[PDB]
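S.K.: mmCIF, C-alpha atoms, file input.cif:
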data_model
loop_
_atom_site.label_atom_id
_atom_site.label_comp_id
_atom_site.auth_asym_id
_atom_site.auth_seq_id
_atom_site.Cartn_x
_atom_site.Cartn_y
_atom_site.Cartn_z
CA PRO R 404 -18.27 49.89 -7.35
CA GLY R 405 -20.96 48.15 -9.41
CA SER R 406 -20.14 47.59 -13.08
CA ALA R 407 -20.95 45.07 -15.84
CA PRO R 408 -18.24 42.68 -17.14
CA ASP R 409 -15.54 44.62 -19.00
CA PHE R 410 -12.85 42.97 -21.16
CA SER R 411 -11.12 46.24 -22.12
CA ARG R 412 -8.56 45.98 -19.30
CA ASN R 413 -7.85 42.29 -19.94
CA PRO R 414 -8.78 41.37 -23.52
CA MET R 415 -8.63 37.79 -24.70
CA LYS R 416 -5.97 37.18 -27.36
CA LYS R 417 -7.45 37.46 -30.86
CA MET R 418 -5.68 34.31 -32.05
CA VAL R 419 -3.65 31.51 -30.43
CA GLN R 420 -1.46 28.92 -32.22
CA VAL R 421 -0.44 25.63 -30.60
CA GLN R 422 1.35 22.56 -31.87
CA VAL R 423 -0.69 19.37 -32.20
CA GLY R 424 -0.51 17.37 -28.99
CA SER R 425 0.31 20.40 -26.83
CA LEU R 426 -1.50 22.02 -23.90
CA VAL R 427 -3.63 25.16 -24.27
CA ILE R 428 -5.33 27.42 -21.69
CA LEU R 429 -7.66 30.17 -22.93
CA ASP R 430 -7.94 33.01 -20.42
CA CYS R 431 -11.28 34.70 -19.63
CA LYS R 432 -10.88 37.38 -16.93
CA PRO R 433 -13.24 40.34 -17.33
CA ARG R 434 -13.52 43.13 -14.80
CA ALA R 435 -16.85 43.22 -12.97
CA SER R 436 -18.38 44.14 -9.60
CA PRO R 437 -19.68 41.73 -8.47
CA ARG R 438 -17.54 38.99 -10.07
CA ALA R 439 -19.14 37.61 -13.23
CA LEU R 440 -19.99 34.00 -14.02
CA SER R 441 -18.59 32.75 -17.35
CA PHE R 442 -19.26 29.99 -19.85
CA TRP R 443 -17.44 28.84 -23.00
CA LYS R 444 -18.76 27.96 -26.42
CA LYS R 445 -16.94 26.64 -29.47
CA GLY R 446 -18.84 28.34 -32.25
CA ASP R 447 -22.54 27.88 -31.63
CA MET R 448 -21.92 24.95 -29.27
CA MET R 449 -21.35 24.94 -25.52
CA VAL R 450 -18.04 23.45 -24.43
CA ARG R 451 -18.70 20.29 -22.43
CA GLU R 452 -16.29 19.29 -19.71
CA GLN R 453 -14.75 16.17 -21.14
CA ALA R 454 -11.71 13.88 -21.02
CA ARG R 455 -9.04 16.43 -21.91
CA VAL R 456 -11.23 19.52 -21.35
CA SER R 457 -11.88 21.20 -18.00
CA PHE R 458 -13.06 24.47 -16.43
CA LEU R 459 -10.49 26.37 -14.35
CA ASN R 460 -11.20 28.47 -11.24
CA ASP R 461 -10.26 31.69 -13.08
CA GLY R 462 -12.83 31.05 -15.81
CA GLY R 463 -10.21 29.71 -18.19
CA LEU R 464 -10.50 26.73 -20.51
CA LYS R 465 -7.79 24.04 -20.46
CA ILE R 466 -7.49 21.61 -23.41
CA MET R 467 -4.94 18.78 -23.35
CA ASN R 468 -3.25 16.96 -26.24
CA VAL R 469 -4.85 19.28 -28.76
CA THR R 470 -5.88 17.87 -32.10
CA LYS R 471 -6.63 19.83 -35.24
CA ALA R 472 -10.23 18.87 -34.40
CA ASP R 473 -10.03 21.20 -31.39
CA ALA R 474 -9.26 24.14 -33.67
CA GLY R 475 -12.07 26.65 -33.97
CA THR R 476 -13.58 29.78 -32.50
CA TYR R 477 -13.97 29.90 -28.73
CA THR R 478 -16.09 32.66 -27.16
CA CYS R 479 -16.38 33.39 -23.42
CA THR R 480 -19.70 34.91 -22.30
CA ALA R 481 -19.70 36.51 -18.83
CA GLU R 482 -22.84 37.82 -17.11
CA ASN R 483 -23.43 40.25 -14.23
CA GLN R 484 -26.39 41.87 -12.53
CA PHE R 485 -25.57 44.71 -14.93
CA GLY R 486 -25.16 42.77 -18.17
CA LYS R 487 -23.26 40.32 -20.34
CA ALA R 488 -19.99 40.71 -22.20
CA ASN R 489 -18.22 38.48 -24.71
CA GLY R 490 -14.64 37.80 -25.71
CA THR R 491 -13.47 35.71 -28.64
CA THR R 492 -10.27 33.72 -29.27
CA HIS R 493 -9.48 31.78 -32.45
CA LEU R 494 -7.60 28.54 -31.77
CA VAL R 495 -5.32 27.42 -34.61
CA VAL R 496 -3.81 23.94 -34.24
CA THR R 497 -0.75 23.46 -36.44
CA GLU R 498 1.35 20.44 -37.34
CA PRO R 499 4.97 20.27 -36.16
CA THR R 500 7.73 21.34 -38.49
CA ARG R 501 9.85 18.29 -39.25
CA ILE R 502 13.21 18.06 -41.03
CA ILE R 503 12.82 15.52 -43.85
CA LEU R 504 16.35 15.52 -45.29
CA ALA R 505 19.18 16.49 -43.01
CA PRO R 506 22.97 16.87 -43.06
CA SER R 507 24.94 13.60 -43.11
CA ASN R 508 28.03 13.00 -41.04
CA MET R 509 31.06 12.96 -43.36
CA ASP R 510 34.78 12.17 -43.57
CA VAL R 511 35.91 13.90 -46.78
CA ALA R 512 39.06 14.94 -48.64
CA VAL R 513 39.95 18.58 -49.30
CA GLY R 514 38.93 19.89 -52.72
CA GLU R 515 35.70 17.90 -52.73
CA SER R 516 32.28 19.48 -53.04
CA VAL R 517 29.47 18.21 -50.78
CA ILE R 518 25.85 19.08 -50.06
CA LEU R 519 24.41 19.27 -46.55
CA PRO R 520 20.64 19.09 -47.14
CA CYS R 521 17.91 20.65 -45.04
CA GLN R 522 14.42 19.99 -46.41
CA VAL R 523 11.40 20.36 -44.17
CA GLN R 524 7.80 19.39 -44.16
CA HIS R 525 5.73 21.98 -42.32
CA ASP R 526 2.13 23.00 -41.83
CA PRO R 527 1.20 25.41 -44.67
CA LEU R 528 -0.40 27.90 -42.27
CA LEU R 529 3.09 28.79 -41.03
CA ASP R 530 6.24 30.34 -42.43
CA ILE R 531 9.74 28.95 -41.85
CA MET R 532 13.24 30.40 -41.40
CA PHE R 533 16.41 28.42 -42.08
CA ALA R 534 19.62 28.97 -40.12
CA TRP R 535 23.01 27.26 -40.09
CA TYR R 536 25.42 27.12 -37.17
CA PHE R 537 29.11 26.26 -37.50
CA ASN R 538 30.84 25.06 -34.31
CA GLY R 539 27.94 26.64 -32.46
CA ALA R 540 28.04 30.07 -34.18
CA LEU R 541 25.26 31.47 -36.35
CA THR R 542 26.47 32.02 -39.92
CA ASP R 543 25.11 32.41 -43.43
CA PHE R 544 28.60 31.58 -44.79
CA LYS R 545 28.66 34.59 -47.13
CA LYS R 546 31.99 35.92 -45.77
CA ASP R 547 33.68 32.72 -46.93
CA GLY R 548 32.17 32.93 -50.38
CA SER R 549 33.50 30.70 -53.12
CA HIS R 550 33.23 27.87 -50.63
CA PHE R 551 29.51 28.03 -49.78
CA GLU R 552 26.30 28.32 -51.77
CA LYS R 553 22.72 28.08 -50.50
CA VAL R 554 21.12 25.80 -53.08
CA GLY R 555 17.64 24.58 -53.91
CA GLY R 556 15.64 27.81 -53.78
CA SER R 557 13.57 29.79 -51.28
CA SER R 558 11.88 26.67 -49.90
CA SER R 559 15.15 24.90 -49.04
CA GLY R 560 18.04 25.40 -46.67
CA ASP R 561 20.46 23.06 -48.46
CA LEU R 562 24.11 24.07 -48.07
CA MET R 563 26.73 23.31 -50.74
CA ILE R 564 30.36 23.33 -49.61
CA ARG R 565 32.65 23.81 -52.61
CA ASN R 566 36.34 22.91 -52.65
CA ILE R 567 36.28 22.09 -48.98
CA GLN R 568 39.33 22.94 -46.89
CA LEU R 569 40.68 21.79 -43.54
CA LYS R 570 39.31 24.93 -41.88
CA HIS R 571 35.79 23.75 -42.79
CA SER R 572 35.94 20.75 -40.40
CA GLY R 573 33.41 21.00 -37.58
CA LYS R 574 29.86 20.57 -36.34
CA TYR R 575 27.16 21.84 -38.74
CA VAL R 576 23.60 22.44 -37.43
CA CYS R 577 20.62 23.18 -39.66
CA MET R 578 17.86 24.89 -37.65
CA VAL R 579 14.31 25.61 -38.79
CA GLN R 580 12.34 28.25 -36.89
CA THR R 581 8.54 28.41 -37.10
CA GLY R 582 7.13 31.21 -34.98
CA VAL R 583 8.42 30.23 -31.53
CA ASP R 584 8.93 26.55 -32.51
CA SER R 585 12.16 25.03 -33.68
CA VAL R 586 13.77 21.87 -34.97
CA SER R 587 17.36 21.19 -35.93
CA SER R 588 19.77 18.42 -36.80
CA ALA R 589 23.52 18.35 -36.42
CA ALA R 590 26.28 16.55 -38.28
CA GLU R 591 30.08 16.51 -38.06
CA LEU R 592 32.35 17.04 -41.03
CA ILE R 593 35.91 15.85 -40.65
CA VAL R 594 38.17 16.95 -43.50
CA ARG R 595 41.48 15.32 -44.41
CA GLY R 596 44.09 16.42 -46.95
CA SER R 597 47.43 15.78 -48.63
CA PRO R 598 50.30 16.36 -46.18
CA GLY R 599 51.64 19.86 -45.78
CA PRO R 600 54.92 20.71 -47.50
CA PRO R 601 57.96 19.20 -45.78
CA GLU R 602 60.20 21.82 -44.20
CA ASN R 603 63.86 22.46 -43.41
CA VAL R 604 65.20 20.69 -46.48
CA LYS R 605 68.92 20.18 -45.98
CA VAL R 606 71.58 18.86 -48.39
CA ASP R 607 74.97 17.56 -47.27
CA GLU R 608 77.57 14.89 -48.08
CA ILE R 609 77.71 16.11 -51.68
CA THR R 610 79.77 13.83 -53.97
CA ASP R 611 80.21 13.86 -57.74
CA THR R 612 77.01 11.79 -58.17
CA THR R 613 75.28 11.66 -54.75
CA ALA R 614 73.98 13.87 -51.94
CA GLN R 615 72.32 13.28 -48.59
CA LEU R 616 68.96 15.01 -48.09
CA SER R 617 67.33 15.61 -44.71
CA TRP R 618 64.01 17.25 -43.85
CA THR R 619 61.36 17.60 -41.15
CA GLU R 620 57.71 16.60 -41.55
CA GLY R 621 55.21 19.28 -42.52
CA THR R 622 51.79 20.11 -41.16
CA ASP R 623 49.45 17.31 -40.16
CA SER R 624 46.61 17.20 -42.67
CA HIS R 625 44.95 14.62 -40.40
CA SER R 626 46.07 11.51 -42.22
CA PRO R 627 49.56 10.11 -41.59
CA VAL R 628 52.40 10.28 -44.09
CA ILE R 629 53.17 7.03 -45.92
CA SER R 630 55.81 8.15 -48.38
CA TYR R 631 58.34 10.80 -49.34
CA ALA R 632 59.59 11.59 -52.85
CA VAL R 633 62.46 13.78 -54.07
CA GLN R 634 62.62 16.15 -57.04
CA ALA R 635 65.42 18.32 -58.36
CA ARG R 636 66.00 21.20 -60.74
CA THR R 637 69.10 21.96 -62.85
CA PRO R 638 69.86 24.33 -65.75
CA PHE R 639 69.37 21.30 -68.01
CA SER R 640 66.17 19.99 -66.36
CA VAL R 641 62.82 21.08 -67.74
CA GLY R 642 61.73 22.28 -64.32
CA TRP R 643 61.42 19.89 -61.40
CA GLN R 644 61.97 16.19 -62.10
CA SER R 645 62.05 13.04 -60.01
CA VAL R 646 65.41 11.71 -58.82
CA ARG R 647 66.41 8.23 -57.72
CA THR R 648 66.94 7.71 -53.99
CA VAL R 649 68.44 5.20 -51.63
CA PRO R 650 66.24 3.81 -50.15
CA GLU R 651 64.30 3.30 -53.38
CA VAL R 652 61.10 4.13 -51.48
CA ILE R 653 61.20 6.45 -48.47
CA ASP R 654 58.92 5.62 -45.49
CA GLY R 655 56.61 8.07 -43.82
CA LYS R 656 58.98 7.57 -40.86
CA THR R 657 62.14 8.14 -42.93
CA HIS R 658 63.36 11.75 -43.03
CA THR R 659 66.73 11.28 -44.76
CA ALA R 660 67.77 9.73 -48.05
CA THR R 661 70.62 9.58 -50.52
CA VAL R 662 70.06 11.04 -53.96
CA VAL R 663 71.91 9.02 -56.61
CA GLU R 664 72.80 9.20 -60.31
CA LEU R 665 73.42 12.94 -60.30
CA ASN R 666 75.75 14.39 -62.91
CA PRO R 667 79.13 15.75 -61.73
CA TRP R 668 79.67 19.54 -61.81
CA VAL R 669 75.97 20.39 -62.25
CA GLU R 670 74.02 22.86 -60.14
CA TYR R 671 71.08 21.40 -58.21
CA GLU R 672 68.18 22.33 -56.01
CA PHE R 673 66.09 19.73 -54.26
CA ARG R 674 62.59 19.53 -52.89
CA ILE R 675 60.55 16.84 -51.11
CA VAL R 676 56.90 15.85 -51.55
CA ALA R 677 54.96 14.00 -48.86
CA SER R 678 52.08 11.62 -49.60
CA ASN R 679 49.34 10.02 -47.51
CA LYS R 680 46.32 7.90 -48.39
CA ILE R 681 44.46 11.12 -49.28
CA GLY R 682 46.94 12.01 -52.04
CA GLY R 683 50.25 13.58 -52.93
CA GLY R 684 51.08 16.76 -51.06
CA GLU R 685 52.36 20.25 -51.72
CA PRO R 686 56.11 20.27 -52.51
CA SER R 687 58.57 21.70 -50.01
CA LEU R 688 60.28 24.96 -50.49
CA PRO R 689 63.56 24.23 -52.37
CA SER R 690 66.84 23.54 -50.58
CA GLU R 691 69.85 25.80 -51.00
CA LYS R 692 71.33 25.59 -54.46
CA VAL R 693 74.43 23.40 -54.39
CA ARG R 694 76.81 22.03 -57.01
CA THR R 695 78.07 18.45 -57.27
CA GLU R 696 81.81 17.72 -57.18
CA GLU R 697 83.65 17.72 -60.47
CA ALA R 698 85.28 14.59 -61.82
CA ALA R 699 87.42 13.27 -64.62
CA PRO R 700 85.40 12.75 -67.82
CA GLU R 701 84.53 9.15 -68.48
CA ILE R 702 82.77 9.15 -71.86
CA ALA R 703 84.89 9.40 -75.00
CA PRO R 704 83.15 10.71 -78.12
CA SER R 705 81.11 8.53 -80.43
CA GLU R 706 81.34 8.10 -84.19
CA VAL R 707 84.86 9.40 -84.73
CA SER R 708 85.30 9.85 -88.49
CA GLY R 709 86.23 12.24 -91.29
CA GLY R 710 87.69 12.20 -94.76
CA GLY R 711 87.59 14.47 -97.77
CA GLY R 712 88.88 18.03 -97.76
CA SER R 713 91.01 20.04 -100.14
CA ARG R 714 94.69 19.62 -101.15
CA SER R 715 96.98 18.26 -98.36
CA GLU R 716 94.16 18.01 -95.77
CA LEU R 717 93.25 15.42 -93.17
CA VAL R 718 89.70 16.05 -91.87
CA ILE R 719 88.75 14.56 -88.49
CA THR R 720 85.26 14.65 -87.17
CA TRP R 721 83.29 13.38 -84.18
CA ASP R 722 80.07 13.64 -82.17
CA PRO R 723 80.06 16.28 -79.43
CA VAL R 724 79.97 15.03 -75.85
CA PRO R 725 76.81 16.43 -74.20
CA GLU R 726 77.48 19.11 -71.59
CA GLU R 727 76.11 17.05 -68.70
CA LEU R 728 78.65 14.28 -69.44
CA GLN R 729 81.59 16.71 -69.35
CA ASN R 730 81.83 16.28 -65.56
CA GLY R 731 83.88 19.46 -64.98
CA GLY R 732 85.00 22.85 -66.20
CA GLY R 733 87.61 23.41 -68.87
CA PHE R 734 86.35 20.40 -70.81
CA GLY R 735 88.13 19.72 -74.07
CA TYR R 736 89.21 17.11 -76.58
CA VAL R 737 92.49 15.52 -77.69
CA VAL R 738 92.84 14.51 -81.36
CA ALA R 739 95.48 11.87 -82.06
CA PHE R 740 96.48 10.58 -85.48
CA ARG R 741 99.22 8.61 -87.18
CA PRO R 742 99.73 6.97 -90.58
CA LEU R 743 98.58 3.38 -90.70
CA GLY R 744 101.61 1.27 -89.96
CA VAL R 745 103.42 3.97 -88.00
CA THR R 746 103.54 3.66 -84.24
CA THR R 747 104.16 7.23 -82.96
CA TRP R 748 101.03 9.29 -82.36
CA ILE R 749 100.82 12.98 -83.03
CA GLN R 750 98.24 14.60 -80.86
CA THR R 751 96.88 18.06 -80.34
CA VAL R 752 94.76 19.38 -77.50
CA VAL R 753 91.47 20.95 -78.62
CA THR R 754 90.72 23.61 -76.02
CA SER R 755 87.22 24.54 -77.18
CA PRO R 756 84.54 21.86 -77.57
CA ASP R 757 82.36 24.21 -79.67
CA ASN R 758 82.98 22.39 -82.93
CA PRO R 759 84.04 18.71 -82.94
CA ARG R 760 86.11 18.98 -86.13
CA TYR R 761 89.84 19.27 -86.81
CA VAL R 762 91.63 19.87 -90.13
CA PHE R 763 95.36 19.30 -90.58
CA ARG R 764 96.76 20.93 -93.72
CA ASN R 765 100.43 20.79 -94.78
CA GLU R 766 102.84 19.01 -97.18
CA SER R 767 103.48 16.19 -94.67
CA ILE R 768 99.91 14.94 -95.22
CA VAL R 769 100.08 12.33 -97.99
CA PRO R 770 97.14 12.38 -100.47
CA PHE R 771 94.33 9.83 -100.02
CA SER R 772 96.22 7.79 -97.42
CA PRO R 773 94.95 5.80 -94.43
CA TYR R 774 95.33 7.43 -91.01
CA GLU R 775 94.53 5.91 -87.63
CA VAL R 776 92.56 8.38 -85.53
CA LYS R 777 91.31 8.49 -81.97
CA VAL R 778 89.73 11.29 -79.95
CA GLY R 779 89.79 11.62 -76.16
CA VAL R 780 88.38 13.93 -73.51
CA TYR R 781 89.73 15.82 -70.50
CA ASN R 782 88.65 18.49 -68.05
CA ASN R 783 90.18 20.46 -65.16
CA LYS R 784 90.18 17.39 -62.88
CA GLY R 785 91.78 14.78 -65.10
CA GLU R 786 92.12 13.04 -68.43
CA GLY R 787 89.43 10.75 -69.77
CA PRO R 788 89.48 7.83 -72.17
CA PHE R 789 90.10 7.78 -75.91
CA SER R 790 87.58 6.62 -78.43
CA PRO R 791 88.39 3.39 -80.21
CA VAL R 792 90.81 3.85 -83.10
CA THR R 793 89.25 4.20 -86.54
CA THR R 794 90.67 4.73 -90.04
CA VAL R 795 90.00 7.95 -91.94
CA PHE R 796 91.54 8.81 -95.28
CA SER R 797 93.31 12.07 -96.00
CA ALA R 798 91.89 14.21 -98.79
CA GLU R 799 92.13 12.94 -102.35
CA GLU R 800 92.68 16.41 -103.83
CA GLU R 801 96.23 17.13 -105.02
#
Take the structure in the file and give it back as structure tokens.
M.R.:
Amino acid sequence: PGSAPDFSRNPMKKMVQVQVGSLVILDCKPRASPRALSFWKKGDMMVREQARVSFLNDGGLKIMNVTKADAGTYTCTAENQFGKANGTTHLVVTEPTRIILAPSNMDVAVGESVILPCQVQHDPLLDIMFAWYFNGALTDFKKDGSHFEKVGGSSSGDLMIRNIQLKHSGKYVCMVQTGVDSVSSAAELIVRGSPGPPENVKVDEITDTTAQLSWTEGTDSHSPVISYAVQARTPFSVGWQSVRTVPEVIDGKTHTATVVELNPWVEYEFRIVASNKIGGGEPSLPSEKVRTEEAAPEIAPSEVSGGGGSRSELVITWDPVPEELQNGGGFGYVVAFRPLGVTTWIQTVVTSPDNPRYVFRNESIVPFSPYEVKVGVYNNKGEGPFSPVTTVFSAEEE
């Protein structure tokens, strides 16, 4: 044996970083036969045993509740019969990283855009790494792009959630790493939406003007249903349009209703829209296409008139009855006329409604004479009313 102190087997760390208020122990274990005595200096100055400072059996230095004042250069000088040796450690005391603006806990509707901040104050000697966790899993959110953006620049970890969806509900955790040190703060986002589309839309008890609708409630968007509304589509409707129901307003607990004021002999599809306090929901898939029962026509034509024409003519004219008021197939008109004073009607059936105009021409038609005229309606299911009688004059031409 016999050898001076030798730090090559057990060198003192070049540099040690500790958080303010932490505990630090600088090692000083050289190899030497016999064992070497040690002492510590901070810079030029000998370390004095003190309140938070003490000399350990293994030649180490223990400092408690470190301040930035304790930072500096500590050297350990060991001496043997055969010489002295020195080792140096630089103590860096750094402030804690602290999160200054953190995610808020939120209850928010789908489609909204929110910002979960994560600003930190940190000691400038250090570098920081931001990380987000979603329901406990590390993520940078880039696989769900178009819903997430990291905003604020390289110094910030702020997270923007765009057009938030139900699947984005959960615990969010912003974590800031600094070397081996770490702070984080968590918040919970609960997301609520419009109800899901109602399902299983069913139509029964079809009449000429009514139908019973039934349906089952759609997916829970985490806010209860307060209301149901009904829409319908026909060849005549400009897309989907609201329909009147009985009850006038349908409860969130009411899954059946009567549609009213439909037109007879029209084709219909129905859908249902659920609402909650968050907003109006996605419409159901449409019901089967059904047709209402046909019925006798009930509306006679308006503005029956006429007059003029060439020799021996009686011209009769009226307003067409709109298709949706025809109530059934094979709709047509019935023109009835008679000389004023005469009681027997002559009538003809007008099979095609295409042109609401009828001309009688023969020698029995007396020039410029008063005729009583009425026009009625019928379809495959029955006869409808006649218009009020009016007076039109035969042609004046002879």
S.K.: Name the residues in contact with segment 612-620 of chain R at a cut-off of 7 Å, using only C-alpha atoms, excluding same-chain residues fewer than 6 positions from it; report them as a ChimeraX atom specification.
M.R.: /R:601-606,658-667,695
S.K.: Go ahead and compute the interatomic distance for atom CA of residue 672 of chain R and atom CA of residue 685 of chain R, in Å to one decimal.
M.R.: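 Result for atom CA of residue 672 of chain R versus atom CA of residue 685 of chain R: 16.5 Å, one decimal.
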S.K.: Suppose a student applies the PyMOL selection byres ((chain R and resi 524-533) around 8) to this structure; what residues should they get, written as a count of residues only?
M.R.: 19
S.K.: Kindly indicate which residue among R:610, R:794, R:708, R:678 lies nearest to residue 694 of chain R, using only C-alpha atoms for the distances.
M.R.: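 Of R:610, R:794, R:708, R:678, the one nearest residue 694 of chain R is R:610, counting only C-alpha atoms.
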S.K.: If you apply the PyMOL selection byres ((chain R and resi 572) around 12) to this file, what residues do you get, as a ChimeraX atom specification?
M.R.: /R:508-513,537-538,564,567-571,573-575,590-596,624-625
S.K.: Go ahead and save the picked residues with C-alpha atoms, as a PDB file, keeping the file's coordinate frame.
M.R.:
ATOM      1  CA  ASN R 508      28.030  13.000 -41.040  1.00  0.00           C
ATOM      2  CA  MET R 509      31.060  12.960 -43.360  1.00  0.00           C
ATOM      3  CA  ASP R 510      34.780  12.170 -43.570  1.00  0.00           C
ATOM      4  CA  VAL R 511      35.910  13.900 -46.780  1.00  0.00           C
ATOM      5  CA  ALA R 512      39.060  14.940 -48.640  1.00  0.00           C
ATOM      6  CA  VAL R 513      39.950  18.580 -49.300  1.00  0.00           C
ATOM      7  CA  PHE R 537      29.110  26.260 -37.500  1.00  0.00           C
ATOM      8  CA  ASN R 538      30.840  25.060 -34.310  1.00  0.00           C
ATOM      9  CA  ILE R 564      30.360  23.330 -49.610  1.00  0.00           C
ATOM     10  CA  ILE R 567      36.280  22.090 -48.980  1.00  0.00           C
ATOM     11  CA  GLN R 568      39.330  22.940 -46.890  1.00  0.00           C
ATOM     12  CA  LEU R 569      40.680  21.790 -43.540  1.00  0.00           C
ATOM     13  CA  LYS R 570      39.310  24.930 -41.880  1.00  0.00           C
ATOM     14  CA  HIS R 571      35.790  23.750 -42.790  1.00  0.00           C
ATOM     15  CA  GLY R 573      33.410  21.000 -37.580  1.00  0.00           C
ATOM     16  CA  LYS R 574      29.860  20.570 -36.340  1.00  0.00           C
ATOM     17  CA  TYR R 575      27.160  21.840 -38.740  1.00  0.00           C
ATOM     18  CA  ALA R 590      26.280  16.550 -38.280  1.00  0.00           C
ATOM     19  CA  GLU R 591      30.080  16.510 -38.060  1.00  0.00           C
ATOM     20  CA  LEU R 592      32.350  17.040 -41.030  1.00  0.00           C
ATOM     21  CA  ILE R 593      35.910  15.850 -40.650  1.00  0.00           C
ATOM     22  CA  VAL R 594      38.170  16.950 -43.500  1.00  0.00           C
ATOM     23  CA  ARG R 595      41.480  15.320 -44.410  1.00  0.00           C
ATOM     24  CA  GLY R 596      44.090  16.420 -46.950  1.00  0.00           C
ATOM     25  CA  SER R 624      46.610  17.200 -42.670  1.00  0.00           C
ATOM     26  CA  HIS R 625      44.950  14.620 -40.400  1.00  0.00           C
TER      27      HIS R 625
END
S.K.: With only C-alpha atoms as the basis for distance, which of R:548, R:785, R:731, R:539 is at the shortest distance from residue 670 of chain R?
M.R.: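 Closest to residue 670 of chain R of all the choices is R:731.
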S.K.: Evaluate the PyMOL selection byres ((chain R and resi 769) around 10) against this structure - the residues, as an NGL selection string, please.
M.R.: :R and (714-717 or 742 or 765-768 or 770-774 or 796-799 or 801)
S.K.: Pull the neighbourhood of (32.1, 23.7, -51.8) for me: all residues within 7 Å in file coordinates, counting all atoms listed in the file, as a list in words.
M.R.: residues 515, 516, 517, 550, 551, 563, 564, 565, 566 and 567 of chain R
S.K.: Find, counting all atoms listed in the file, the residue in R:408, R:725, R:520, R:555 that gets nearest to residue 479 of chain R.
M.R.: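 So, comparing all the options, the nearest one is R:408.
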S.K.: Can you measure atom CA of residue 473 of chain R to atom CA of residue 491 of chain R for me? One decimal in Å is fine.
M.R.: 15.2 Å
S.K.: Mind giving me the axis-aligned box for segment 600-613 of chain R with 6 Å on every side, centre plus edges in Å to one decimal, as AutoDock Vina command-line options?
M.R.:
--center_x 67.6 --center_y 17.1 --center_z -50.8 --size_x 37.3 --size_y 22.8 --size_z 26.8
S.K.: Report, in Å to a single decimal, how far apart atom CA of residue 482 of chain R and atom CA of residue 437 of chain R are.
M.R.: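 Calculated distance between atom CA of residue 437 of chain R and atom CA of residue 482 of chain R is 10.0 Å.
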S.K.: Just checking: using only C-alpha atoms, which residue out of R:486, R:446, R:405, R:462 ends up closest to residue 429 of chain R?
M.R.: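 Going through R:486, R:446, R:405, R:462 one by one, the smallest distance to residue 429 of chain R is for R:462.
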S.K.: Counting all atoms listed in the file, which residues have an atom no more than 9 Å from (63.3, 17.7, -56.9) in the file's coordinates? Please list them as number ranges by chain.
M.R.: R: 632-636, 642-646, 671-676, 686, 689
S.K.: Could you extract segment 588-597 of chain R of the given structure into a file holding N, CA, C and O atoms, as a PDB file, in the first residue's frame?
M.R.:
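Wrote it out as decode-v8.pdb, contents follow:
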ATOM      1  N   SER R 588     -50.630  20.832 -13.303  1.00  0.00           N
ATOM      2  CA  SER R 588     -51.957  21.061 -12.742  1.00  0.00           C
ATOM      3  C   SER R 588     -53.015  20.492 -13.666  1.00  0.00           C
ATOM      4  O   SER R 588     -52.936  20.608 -14.890  1.00  0.00           O
ATOM      5  N   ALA R 589     -53.999  19.882 -13.046  1.00  0.00           N
ATOM      6  CA  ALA R 589     -55.055  19.153 -13.707  1.00  0.00           C
ATOM      7  C   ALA R 589     -56.357  19.957 -13.702  1.00  0.00           C
ATOM      8  O   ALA R 589     -56.608  20.775 -12.812  1.00  0.00           O
ATOM      9  N   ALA R 590     -57.182  19.713 -14.715  1.00  0.00           N
ATOM     10  CA  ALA R 590     -58.539  20.230 -14.756  1.00  0.00           C
ATOM     11  C   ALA R 590     -59.411  19.247 -15.531  1.00  0.00           C
ATOM     12  O   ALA R 590     -58.922  18.439 -16.324  1.00  0.00           O
ATOM     13  N   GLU R 591     -60.706  19.295 -15.254  1.00  0.00           N
ATOM     14  CA  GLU R 591     -61.682  18.409 -15.870  1.00  0.00           C
ATOM     15  C   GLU R 591     -62.560  19.204 -16.816  1.00  0.00           C
ATOM     16  O   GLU R 591     -63.117  20.247 -16.441  1.00  0.00           O
ATOM     17  N   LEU R 592     -62.697  18.697 -18.026  1.00  0.00           N
ATOM     18  CA  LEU R 592     -63.588  19.263 -19.017  1.00  0.00           C
ATOM     19  C   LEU R 592     -64.747  18.299 -19.167  1.00  0.00           C
ATOM     20  O   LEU R 592     -64.544  17.135 -19.531  1.00  0.00           O
ATOM     21  N   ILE R 593     -65.953  18.774 -18.885  1.00  0.00           N
ATOM     22  CA  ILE R 593     -67.153  18.028 -19.196  1.00  0.00           C
ATOM     23  C   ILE R 593     -67.820  18.746 -20.356  1.00  0.00           C
ATOM     24  O   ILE R 593     -67.906  19.982 -20.366  1.00  0.00           O
ATOM     25  N   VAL R 594     -68.213  17.978 -21.364  1.00  0.00           N
ATOM     26  CA  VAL R 594     -68.723  18.505 -22.626  1.00  0.00           C
ATOM     27  C   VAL R 594     -70.150  18.005 -22.790  1.00  0.00           C
ATOM     28  O   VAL R 594     -70.411  16.811 -22.608  1.00  0.00           O
ATOM     29  N   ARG R 595     -71.070  18.912 -23.102  1.00  0.00           N
ATOM     30  CA  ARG R 595     -72.462  18.555 -23.320  1.00  0.00           C
ATOM     31  C   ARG R 595     -72.889  19.030 -24.703  1.00  0.00           C
ATOM     32  O   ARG R 595     -72.370  20.027 -25.211  1.00  0.00           O
ATOM     33  N   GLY R 596     -73.851  18.321 -25.312  1.00  0.00           N
ATOM     34  CA  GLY R 596     -74.295  18.651 -26.650  1.00  0.00           C
ATOM     35  C   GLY R 596     -75.800  18.590 -26.823  1.00  0.00           C
ATOM     36  O   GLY R 596     -76.540  18.233 -25.904  1.00  0.00           O
ATOM     37  N   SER R 597     -76.238  18.966 -28.028  1.00  0.00           N
ATOM     38  CA  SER R 597     -77.587  18.715 -28.523  1.00  0.00           C
ATOM     39  C   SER R 597     -77.857  17.225 -28.431  1.00  0.00           C
ATOM     40  O   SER R 597     -76.927  16.434 -28.596  1.00  0.00           O
TER      41      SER R 597
END
